[PDB]
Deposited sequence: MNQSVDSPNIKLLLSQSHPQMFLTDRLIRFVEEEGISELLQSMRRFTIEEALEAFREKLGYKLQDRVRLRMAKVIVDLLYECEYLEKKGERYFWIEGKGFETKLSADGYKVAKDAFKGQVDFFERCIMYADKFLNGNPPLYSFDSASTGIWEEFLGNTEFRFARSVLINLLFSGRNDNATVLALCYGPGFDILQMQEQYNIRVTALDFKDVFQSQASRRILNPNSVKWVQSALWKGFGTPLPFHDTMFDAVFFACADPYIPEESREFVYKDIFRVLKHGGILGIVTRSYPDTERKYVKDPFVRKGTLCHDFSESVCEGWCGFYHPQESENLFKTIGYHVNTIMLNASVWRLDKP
(Lines of atoms letter the chains of each structure in order from A and count residues from 1; the text may use other names and numbers.)
(Lines give C-alpha, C1' and ligand atoms only; values in the text may rest on other atoms or scores of the structure.)
Protein backbone atom coordinates (compact mmCIF):
# COMPACT_ATOMS: atom_id res chain seq x y z
CA UNK A 1 0.00 0.00 0.00
CA UNK A 2 1.06 3.57 -0.71
CA UNK A 3 0.48 4.78 2.86
CA UNK A 4 2.65 1.99 4.26
CA UNK A 5 5.33 2.92 1.72
CA UNK A 6 5.34 6.57 2.78
CA UNK A 7 5.37 5.61 6.47
CA UNK A 8 8.36 3.38 5.72
CA UNK A 9 10.05 6.37 4.06
CA UNK A 10 9.34 8.49 7.16
CA UNK A 11 10.93 5.86 9.39
CA UNK A 12 13.94 5.07 7.19
CA UNK A 13 14.84 8.75 6.71
CA UNK A 14 14.85 9.27 10.49
CA UNK A 15 11.86 11.63 10.42
CA UNK A 16 9.90 9.58 12.92
CA UNK A 17 12.94 9.31 15.22
CA UNK A 18 13.50 13.07 15.07
CA UNK A 19 9.87 13.92 15.82
CA UNK A 20 9.55 11.50 18.74
CA UNK A 21 12.75 12.86 20.27
CA UNK A 22 11.35 16.38 19.88
CA UNK A 23 8.13 15.19 21.62
CA UNK A 24 6.20 18.37 20.81
CA UNK A 25 6.37 20.71 17.82
CA UNK A 26 4.46 23.17 15.69
CA UNK A 27 4.65 22.75 11.92
CA UNK A 28 7.17 25.63 11.87
CA UNK A 29 9.35 23.94 14.50
CA UNK A 30 9.26 20.64 12.63
CA UNK A 31 10.30 22.31 9.37
CA UNK A 32 13.17 24.05 11.16
CA UNK A 33 14.29 20.69 12.58
CA UNK A 34 14.09 18.98 9.17
CA UNK A 35 16.48 21.63 7.89
CA UNK A 36 18.87 21.63 10.86
CA UNK A 37 18.83 17.92 11.81
CA UNK A 38 18.07 16.00 8.60
CA UNK A 39 19.79 18.42 6.23
CA UNK A 40 16.82 18.86 3.90
CA UNK A 41 17.03 21.91 1.63
CA UNK A 42 13.49 23.22 2.01
CA UNK A 43 14.36 26.03 -0.37
CA UNK A 44 11.05 26.35 -2.25
CA UNK A 45 7.30 26.07 -1.77
CA UNK A 46 7.00 22.51 -3.08
CA UNK A 47 9.62 21.11 -0.69
CA UNK A 48 8.26 23.04 2.29
CA UNK A 49 4.86 21.60 1.34
CA UNK A 50 6.16 18.02 1.23
CA UNK A 51 7.45 18.40 4.77
CA UNK A 52 4.07 19.74 5.90
CA UNK A 53 2.34 16.79 4.18
CA UNK A 54 4.48 14.35 6.18
CA UNK A 55 3.32 15.92 9.46
CA UNK A 56 -0.29 15.93 8.23
CA UNK A 57 0.00 12.24 7.35
CA UNK A 58 1.50 11.32 10.72
CA UNK A 59 -1.43 13.11 12.36
CA UNK A 60 -3.98 11.41 10.10
CA UNK A 61 -2.39 8.01 10.91
CA UNK A 62 -2.62 8.72 14.67
CA UNK A 63 1.10 8.94 15.40
CA UNK A 64 0.50 12.51 16.63
CA UNK A 65 -2.14 14.32 18.65
CA UNK A 66 -2.78 18.04 18.38
CA UNK A 67 -3.55 20.72 20.97
CA UNK A 68 -4.06 24.15 19.48
CA UNK A 69 -1.39 24.41 16.80
CA UNK A 70 1.06 22.10 18.60
CA UNK A 71 1.57 18.43 17.75
CA UNK A 72 2.60 15.79 20.29
CA UNK A 73 4.11 12.41 19.51
CA UNK A 74 1.88 9.72 21.02
CA UNK A 75 3.88 7.38 23.25
CA UNK A 76 2.70 3.78 23.09
CA UNK A 77 2.13 1.88 26.31
CA UNK A 78 3.89 -1.31 27.33
CA UNK A 79 2.78 -4.59 25.76
CA UNK A 80 7.10 -0.52 -10.09
CA UNK A 81 4.45 2.10 -9.29
CA UNK A 82 4.70 5.67 -10.45
CA UNK A 83 4.19 6.54 -6.77
CA UNK A 84 6.85 4.05 -5.66
CA UNK A 85 9.35 5.63 -8.04
CA UNK A 86 8.44 9.09 -6.73
CA UNK A 87 8.94 7.99 -3.11
CA UNK A 88 12.23 6.25 -4.01
CA UNK A 89 13.45 9.64 -5.24
CA UNK A 90 11.92 11.84 -2.53
CA UNK A 91 15.03 11.79 -0.32
CA UNK A 92 17.14 13.06 -3.22
CA UNK A 93 14.55 15.70 -4.13
CA UNK A 94 14.31 16.94 -0.54
CA UNK A 95 18.11 17.24 -0.56
CA UNK A 96 17.73 19.70 -3.44
CA UNK A 97 18.06 17.50 -6.55
CA UNK A 98 15.96 18.45 -9.64
CA UNK A 99 12.46 17.08 -10.31
CA UNK A 100 12.24 13.42 -11.29
CA UNK A 101 9.72 13.86 -14.11
CA UNK A 102 8.43 16.77 -16.18
CA UNK A 103 6.02 17.30 -19.07
CA UNK A 104 8.73 17.01 -21.70
CA UNK A 105 9.16 14.54 -24.54
CA UNK A 106 11.45 12.27 -22.54
CA UNK A 107 8.79 11.62 -19.88
CA UNK A 108 5.81 10.85 -22.14
CA UNK A 109 5.86 7.10 -21.54
CA UNK A 110 5.94 7.62 -17.77
CA UNK A 111 2.80 9.77 -17.88
CA UNK A 112 1.08 7.36 -20.26
CA UNK A 113 1.54 4.48 -17.83
CA UNK A 114 0.47 6.50 -14.78
CA UNK A 115 -2.53 8.32 -16.22
CA UNK A 116 -3.89 5.12 -17.76
CA UNK A 117 -4.63 3.64 -14.32
CA UNK A 118 -8.07 2.33 -13.40
CA UNK A 119 -8.77 4.90 -10.66
CA UNK A 120 -8.34 7.75 -13.14
CA UNK A 121 -10.47 5.94 -15.73
CA UNK A 122 -13.31 5.58 -13.21
CA UNK A 123 -13.25 9.24 -12.13
CA UNK A 124 -13.18 10.45 -15.72
CA UNK A 125 -16.06 8.19 -16.73
CA UNK A 126 -18.29 9.49 -13.91
CA UNK A 127 -17.54 13.11 -14.82
CA UNK A 128 -18.18 12.44 -18.51
CA UNK A 129 -21.64 11.09 -17.69
CA UNK A 130 -22.29 14.08 -15.41
CA UNK A 131 -21.44 16.46 -18.27
CA UNK A 132 -23.03 14.76 -21.27
CA UNK A 133 -25.69 12.26 -20.17
CA UNK A 134 -29.09 13.24 -21.52
CA UNK A 135 -27.75 16.05 -23.73
CA UNK A 136 -28.16 16.71 -27.41
CA UNK A 137 -25.35 15.08 -29.36
CA UNK A 138 -22.33 16.93 -30.79
CA UNK A 139 -21.67 19.35 -27.93
CA UNK A 140 -18.69 21.67 -28.45
CA UNK A 141 -16.16 20.66 -25.77
CA UNK A 142 -12.71 21.97 -24.87
CA UNK A 143 -10.47 19.12 -23.70
CA UNK A 144 -8.10 21.27 -21.65
CA UNK A 145 -4.66 20.01 -20.64
CA UNK A 146 -5.31 16.63 -22.24
CA UNK A 147 -1.82 15.12 -21.94
CA UNK A 148 -1.72 11.54 -23.28
CA UNK A 149 -5.37 11.82 -24.38
CA UNK A 150 -7.11 9.40 -22.00
CA UNK A 151 -9.72 12.10 -21.36
CA UNK A 152 -10.45 12.62 -25.05
CA UNK A 153 -10.50 8.85 -25.54
CA UNK A 154 -13.06 8.29 -22.79
CA UNK A 155 -15.19 11.18 -24.03
CA UNK A 156 -15.31 9.70 -27.53
CA UNK A 157 -15.93 6.21 -26.13
CA UNK A 158 -19.01 7.39 -24.24
CA UNK A 159 -20.54 10.21 -26.33
CA UNK A 160 -20.59 11.96 -29.71
CA UNK A 161 -18.96 15.32 -29.01
CA UNK A 162 -16.91 17.82 -31.00
CA UNK A 163 -13.53 18.08 -29.24
CA UNK A 164 -11.23 21.09 -29.34
CA UNK A 165 -7.94 19.92 -27.80
CA UNK A 166 -5.43 22.26 -26.14
CA UNK A 167 -2.35 21.68 -23.95
CA UNK A 168 0.48 24.00 -22.97
CA UNK A 169 3.03 21.73 -24.69
CA UNK A 170 2.70 19.66 -27.86
CA UNK A 171 4.78 16.76 -26.50
CA UNK A 172 1.81 14.35 -26.20
CA UNK A 173 -0.16 15.21 -29.34
CA UNK A 174 1.06 12.30 -31.47
CA UNK A 175 0.52 9.84 -28.60
CA UNK A 176 -2.98 11.20 -27.97
CA UNK A 177 -3.85 11.05 -31.67
CA UNK A 178 -2.79 7.38 -31.78
CA UNK A 179 -5.01 6.62 -28.76
CA UNK A 180 -8.37 8.32 -29.35
CA UNK A 181 -11.17 6.87 -31.45
CA UNK A 182 -11.59 9.74 -33.95
CA UNK A 183 -8.45 11.87 -34.37
CA UNK A 184 -9.67 13.44 -37.61
CA UNK A 185 -12.68 14.94 -35.82
CA UNK A 186 -10.61 16.79 -33.20
CA UNK A 187 -9.62 20.42 -33.62
CA UNK A 188 -6.01 20.20 -32.41
CA UNK A 189 -5.00 23.67 -31.21
CA UNK A 190 -1.28 24.28 -31.46
CA UNK A 191 0.38 24.66 -28.08
CA UNK A 192 2.28 27.73 -29.26
CA UNK A 193 -1.07 29.55 -28.95
CA UNK A 194 -1.27 29.06 -25.15
CA UNK A 195 1.59 29.50 -22.70
CA UNK A 196 -0.49 27.78 -20.00
CA UNK A 197 -1.99 28.67 -16.63
CA UNK A 198 -2.15 32.41 -16.03
CA UNK A 199 -2.48 33.29 -19.72
CA UNK A 200 -5.94 33.78 -21.26
CA UNK A 201 -7.22 30.84 -23.26
CA UNK A 202 -6.94 31.58 -27.01
CA UNK A 203 -10.70 31.40 -27.58
CA UNK A 204 -13.49 33.95 -27.72
CA UNK A 205 -16.02 34.42 -24.95
CA UNK A 206 -18.99 32.05 -24.65
CA UNK A 207 -17.77 29.49 -27.21
CA UNK A 208 -17.99 26.10 -25.46
CA UNK A 209 -20.81 23.89 -24.26
CA UNK A 210 -18.34 22.27 -21.88
CA UNK A 211 -14.76 22.35 -20.66
CA UNK A 212 -13.21 19.06 -19.51
CA UNK A 213 -10.38 19.57 -16.99
CA UNK A 214 -9.02 16.33 -15.49
CA UNK A 215 -5.93 15.78 -13.31
CA UNK A 216 -4.55 19.26 -14.04
CA UNK A 217 -5.86 21.35 -11.09
CA UNK A 218 -2.82 20.49 -8.88
CA UNK A 219 -0.50 21.99 -11.51
CA UNK A 220 -2.13 25.45 -11.20
CA UNK A 221 0.02 27.84 -9.14
CA UNK A 222 -1.75 29.39 -6.15
CA UNK A 223 -1.12 32.86 -7.63
CA UNK A 224 -3.07 31.98 -10.79
CA UNK A 225 -5.85 29.63 -9.70
CA UNK A 226 -8.63 32.19 -9.44
CA UNK A 227 -7.77 33.55 -12.89
CA UNK A 228 -7.56 30.09 -14.50
CA UNK A 229 -11.12 29.26 -13.45
CA UNK A 230 -12.43 32.76 -14.23
CA UNK A 231 -10.92 32.51 -17.71
CA UNK A 232 -12.53 29.09 -18.20
CA UNK A 233 -15.81 30.67 -17.07
CA UNK A 234 -15.30 33.32 -19.76
CA UNK A 235 -15.10 30.82 -22.64
CA UNK A 236 -18.14 28.79 -21.49
CA UNK A 237 -21.56 29.49 -22.91
CA UNK A 238 -24.35 30.40 -20.55
CA UNK A 239 -25.63 26.98 -19.56
CA UNK A 240 -22.21 25.48 -20.28
CA UNK A 241 -20.43 23.16 -17.87
CA UNK A 242 -16.93 22.81 -16.45
CA UNK A 243 -15.99 19.31 -15.27
CA UNK A 244 -13.00 18.85 -12.94
CA UNK A 245 -11.21 15.70 -11.82
CA UNK A 246 -8.75 16.44 -9.04
CA UNK A 247 -8.24 15.52 -5.42
CA UNK A 248 -9.18 17.69 -2.46
CA UNK A 249 -6.72 18.17 0.36
CA UNK A 250 -8.23 16.37 3.39
CA UNK A 251 -10.29 18.85 5.41
CA UNK A 252 -10.14 18.91 9.22
CA UNK A 253 -13.92 19.35 9.27
CA UNK A 254 -14.34 16.03 7.38
CA UNK A 255 -17.16 17.67 5.42
CA UNK A 256 -15.76 16.86 1.96
CA UNK A 257 -13.14 14.10 2.30
CA UNK A 258 -14.69 11.50 4.62
CA UNK A 259 -13.23 8.10 3.69
CA UNK A 260 -10.19 7.54 5.96
CA UNK A 261 -8.32 5.54 3.31
CA UNK A 262 -8.87 8.31 0.76
CA UNK A 263 -7.70 10.98 3.23
CA UNK A 264 -4.43 9.12 3.75
CA UNK A 265 -4.11 8.28 0.06
CA UNK A 266 -4.51 11.90 -1.02
CA UNK A 267 -1.69 13.02 1.29
CA UNK A 268 0.59 10.28 -0.07
CA UNK A 269 -0.30 11.22 -3.67
CA UNK A 270 0.45 14.89 -2.94
CA UNK A 271 3.81 14.11 -1.32
CA UNK A 272 4.77 11.71 -4.13
CA UNK A 273 3.88 13.87 -7.14
CA UNK A 274 5.79 16.78 -5.56
CA UNK A 275 8.92 15.41 -7.24
CA UNK A 276 7.35 16.24 -10.62
CA UNK A 277 8.11 19.58 -12.26
CA UNK A 278 5.48 22.20 -11.58
CA UNK A 279 3.51 20.34 -8.91
CA UNK A 280 1.48 22.76 -6.80
CA UNK A 281 -0.62 20.30 -4.80
CA UNK A 282 -4.23 19.61 -3.98
CA UNK A 283 -6.35 22.51 -2.71
CA UNK A 284 -8.65 22.68 0.29
CA UNK A 285 -12.21 21.74 -0.79
CA UNK A 286 -14.06 24.47 1.12
CA UNK A 287 -11.78 27.09 -0.45
CA UNK A 288 -12.37 25.54 -3.88
CA UNK A 289 -16.15 25.57 -3.50
CA UNK A 290 -15.99 29.17 -2.26
CA UNK A 291 -13.79 30.14 -5.22
CA UNK A 292 -16.06 28.57 -7.83
CA UNK A 293 -19.14 30.25 -6.35
CA UNK A 294 -17.52 33.71 -6.22
CA UNK A 295 -16.44 33.35 -9.86
CA UNK A 296 -20.06 32.62 -10.69
CA UNK A 297 -20.34 28.86 -11.14
CA UNK A 298 -23.21 26.88 -9.76
CA UNK A 299 -21.82 23.87 -7.90
CA UNK A 300 -24.01 21.17 -9.48
CA UNK A 301 -22.24 18.08 -8.12
CA UNK A 302 -19.34 17.26 -5.81
CA UNK A 303 -18.60 13.52 -5.63
CA UNK A 304 -15.96 10.90 -4.89
CA UNK A 305 -14.67 12.60 -1.73
CA UNK A 306 -14.59 15.95 -3.57
CA UNK A 307 -12.47 14.61 -6.42
CA UNK A 308 -15.15 15.10 -9.13
CA UNK A 309 -16.82 18.50 -9.65
CA UNK A 310 -19.54 19.56 -12.07
CA UNK A 311 -19.72 23.38 -12.24
CA UNK A 312 -22.41 25.03 -14.34
CA UNK A 313 -22.29 28.53 -15.81
CA UNK A 314 -25.72 30.16 -15.20
> Unmodelled stretches of the deposited sequence, numbered from 1?
Replying inline: 1-21, 101-119
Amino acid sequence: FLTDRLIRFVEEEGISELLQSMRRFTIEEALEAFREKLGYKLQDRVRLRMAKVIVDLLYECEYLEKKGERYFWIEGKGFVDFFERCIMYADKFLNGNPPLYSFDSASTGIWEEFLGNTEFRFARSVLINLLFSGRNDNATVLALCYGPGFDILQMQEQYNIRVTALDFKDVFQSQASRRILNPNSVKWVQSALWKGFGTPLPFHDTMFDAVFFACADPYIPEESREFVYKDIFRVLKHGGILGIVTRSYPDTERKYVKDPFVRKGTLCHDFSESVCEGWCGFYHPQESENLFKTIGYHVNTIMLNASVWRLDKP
From here on, numbers count along this sequence of modelled residues.
> Which of the two stretches, 37-45 or 56-64, shows the higher mean Cα temperature factor in the record?
Replying inline: 37-45
>> I need to verify one thing: averaged over C-alpha atoms only, is the B-factor higher for 139-147 or for 104-112?
In response: 104-112
> Among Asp270, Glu277, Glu253, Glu29, where is the Cα temperature factor highest, going by the PDB entry?
Replying inline: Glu253
> Considering only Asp209, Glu157, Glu226, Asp91, which residue's Cα atom bears the greatest B-factor as recorded?
Replying inline: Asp91
> Can you tell me which third, lowest, middle or highest, the CA B-factor of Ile241 falls into for its chain?
Replying inline: lowest
>> Please place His284 in the lowest, middle or highest third of its chain according to the CA B-factor in the PDB entry.
In response: middle
> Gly96: which third of its chain by C-alpha temperature factor?
Replying inline: highest
> Lowest, middle or highest third: where is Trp188 by Cα B-factor in its chain?
Replying inline: middle
> For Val80, does the deposited CA B-factor place it in the lowest, middle or highest third of the chain?
Replying inline: highest
